[PDB]
């Protein structure tokens, strides 16, 4: 497809806010799973970032984590709904409540491969990491981003589609900083920097239904 936008396909929930807690990895994992379930089952169910934050044991709570291992947790343990286990903006006791969704596994996209990244984005939402520690990235408002990136991949986000404006290819990037950041919470990042713009293609991964 020349363009993809899952937000226009009834499978992407509204932008959320992680607050200060470094739980971006939980928001990225949840967003990828939420859309996958919407694609595969035609069912919209909001899932719990809080369960991953409190219960996923390879990660660092509010100091960062792994959406890849979050996928493995969901495949192995299931995941409850956001209604049952809401986000409290900090890590708490790990509750194992009634689960609403599983996955079968997850796959990693080889580093720097935007062609394979695009092929997967054409089918579902993908979890990625970007270099967010920069004034330009934090204060991005609109347009296809052409500012400076952070020094290192440090912020887990999602790619929810792709397109073009004026011949400029872009990825549609879902962040968890609320709707006041970027284009109502999203960023259009150049598509096709080695590793992708702000390293978007360095560590891409996606859940397998």
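Residue numbers count along the first chain shown, from 1.
Where residue 192 is followed by residue 193 in the displayed chain, the model omits 1 to 3 of the deposited residues that sit between the two.
Judged by mean Cα B factor in the deposited record, 144 to 152 ranks above the other of 61 to 69 and 144 to 152. As recorded in the PDB entry, 42 shows the highest C-alpha B-factor of the residues 34, 183, 42, 56. When the C-alpha B-factors of 128, 101, 75, 125 are read from the PDB record, the largest value belongs to 101. Sort the chain's modelled residues by C-alpha temperature factor and residue 38 lands in the middle third, per the entry. Ranked by C-alpha B-factor against the other modelled residues of its chain, residue 176 falls in the lowest third. Remark: residue 164 belongs to the highest third of its chain, ranked by C-alpha B-factor as recorded.
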